[PDB]
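Shown next as structure tokens: one chain only, the form deposited without the ligand.
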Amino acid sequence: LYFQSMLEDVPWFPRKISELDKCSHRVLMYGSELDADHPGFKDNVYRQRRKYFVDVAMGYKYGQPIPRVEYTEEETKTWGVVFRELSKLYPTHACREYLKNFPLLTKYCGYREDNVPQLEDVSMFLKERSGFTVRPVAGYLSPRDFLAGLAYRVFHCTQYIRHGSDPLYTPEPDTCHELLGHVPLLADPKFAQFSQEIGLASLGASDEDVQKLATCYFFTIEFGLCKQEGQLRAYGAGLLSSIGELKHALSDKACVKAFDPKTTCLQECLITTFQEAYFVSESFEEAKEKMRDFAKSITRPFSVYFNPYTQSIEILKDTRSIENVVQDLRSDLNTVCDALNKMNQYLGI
């Protein structure tokens, strides 16, 4: 009864991976709902495709594999233009994590200019490498629902291609943005943990706090820089997608600051580019540390613990669940000691 009353005071969140379906289908604005200033607003042929990707995404259910999508010649050509113009900047703008996983994506997921990668290939790739998976989404989800996905290391992705009239421009996150922006970093473990941190911190949180985490998501996952060996590199997906803002964030005429969760979450997210400032993290371990610490400030009666074996959320409400966690850590520390002893036994140190 005590636990029942505890959850009634906080917003609903999926406690099982199967319950995440409720978040995936709560689309506030479907992809077929083109904006008035959209370059394909009068394109009936384009609207037909946008409606097609919506229906495909709406048909997705947990456990079922992501259906293969036959992209048209125009859509592949549009992908090809984006793929080339961004590849000319990556070895000088993208972080080390990006350049390490991108060739792997070319090998296993078919990242080419003459072929649009399928989500099912990407999902199996990410799961095997960082535990992340992707889901097709029919449109825009609330920040609460999208972040809830990250708590399970599930990234909701679009499948549609931007309008072919201008491949170097997109008002919305098309599949080119997802595959070339988010995916190559999702394959990195330290980044995956960092992305999952934001998600776990949103579970059961207030709308005000969720909006803050969404802002932190914006100026990191979407528009973030990382200092690697003095040189400045972009890791934000929004930067790795826009060829113009990518070179700008690493230019001299751009205001560059450091990622401070309490201050950054108050910064204004500008959809109409560019951004007023770009925040920098030293690493994805520090970034994870920044969100691991920031979650303490968010008000909720409990703390959450992700169970990767059952893909569920453990609510730490009593001393029993807490003691259970500590005991597991004592077992893991024992394994650490064993490895230490075996190292002394063989390496003589």
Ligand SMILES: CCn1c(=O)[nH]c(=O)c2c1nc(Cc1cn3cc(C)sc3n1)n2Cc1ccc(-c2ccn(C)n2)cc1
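Numbers follow the displayed sequence, beginning with 1.
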Higher average CA B factor in the deposited record is what I'm after, so tell me if that's 280-288 or 28-36. 280-288
For the C-alpha atoms alone, is the average B factor greater in 79-87 or in 126-134, going by the entry? 79-87
Just to confirm, going by the entry's C-alpha B-factors, which of 177, 233, 212, 163 comes out highest? 233
Among 198, 141, 168, 183, where is the Cα B factor highest in this entry? 168
Determine, from the deposited record, the chain-internal third of the Cα B-factor for residue 69: lowest, middle or highest. middle
CA B-factor ranking of residue 293, expressed as a third of its chain: highest
Lowest, middle or highest third of the chain for the C-alpha temperature factor of residue 159? lowest
Pull the Cα B-factor of residue 252 out of the PDB entry and bin it into the chain's lowest, middle or highest third. highest
Rank-wise, by C-alpha B-factor, drop residue 61 into the lowest, middle or highest third of its chain. highest
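There is another form of this protein, the form solved in complex with the ligand, and it is not shown here; the text below is about that form.
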Site superposed, the ligand placed from its pose in the deposited bound form: open or blocked, blocked meaning at least 3 ligand atoms within 2.4 Å of a backbone or C-beta atom? open
Heavy atom distance at most 4.5 Å to the ligand in the deposited bound form, all of 36, 163 and 167: no
Pick the stretch from 105-113, 225-233, 133-141, 77-85 whose residues have a heavy atom within 4.5 Å of the ligand in the deposited bound form. 133-141
Though the ligand is not shown, can you say which of 259, 71, 217, 125 has a heavy atom within 4.5 Å of it in the deposited bound form? 217
Can you work out which of 302, 30, 62, 52 has a heavy atom no more than 4.5 Å from the ligand in the deposited bound form? 30
Quick one: does residue 199 come within 4.5 Å of the ligand in the deposited bound form, counting heavy atoms only? no
Verify the contact flag for residue 117: yes if a non-hydrogen atom of it lies within 4.5 Å of a non-hydrogen atom of the ligand in the deposited bound form, no if not. no
Non-hydrogen atom contact residue 171 with the ligand in the deposited bound form at 4.5 angstroms: yes
Whether residue 146 contacts the ligand in the deposited bound form should be assessed with a 4.5 Å heavy atom distance threshold; does it? yes
